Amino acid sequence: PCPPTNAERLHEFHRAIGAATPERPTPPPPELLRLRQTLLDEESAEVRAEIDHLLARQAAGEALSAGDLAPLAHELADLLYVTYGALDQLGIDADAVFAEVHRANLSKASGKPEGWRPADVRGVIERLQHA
């Protein structure tokens, strides 16, 4: 009926490979955070490589097609994957946090407007521990 969100996809992935994936916000052991840092560094370095390749081809006068974006699109999705993966392994619903960051950002795009409240992610962590 409705496809899963990318965050729920990460929960399915971690369940399938036997990786920790708690239901509610859970303080992690150091080994988890180190790995999440390592995955983030690997995939952001691959994103950077594809942007450089595209910049170099443009500098040599190449006319990029839509097909030429496939490697960059692949790596930006890998970055999403490891970014969602960090939140999932922390037991933190990424959609709930994103929805609050988006509400703040979108709200700030009016006028910094009157009564603008920044993102309250701590309050999101609280509401997530009671559901």
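Throughout, we count residues from 1 along the sequence that is shown. If you superpose the two forms and keep the largest set of C-alpha atoms that fall within 1.5 Å, you have the rigid core.
Taking the root mean square of CA deviations in 4 other deposited structures of this protein after fitting on the rigid core, 101-109 and 66-74 differ, and the farther of the two is 101-109. When the other structures are laid on the shown form by the rigid core, the stretch among 5-13 and 112-120 with the greater C-alpha deviation in 4 other deposited structures of this protein turns out to be 112-120. Coordinates are lacking for 4 to 9 deposited residues between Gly111 and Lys112. Stretches 77-85 and 100-108 differ in mean CA B factor, with 100-108 having the higher one. In this entry, 64-72 has the higher mean Cα B-factor, the comparison being between 41-49 and 64-72. Highest C-alpha temperature factor among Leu35, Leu90, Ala94, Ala59, as the PDB entry reports it: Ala59. Among all modelled residues in this chain, the alpha-carbon of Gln129 has a temperature factor (C-alpha) in the highest third. When the CA B factors of the chain's modelled residues are split into thirds, the value for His14 lands in the middle one.
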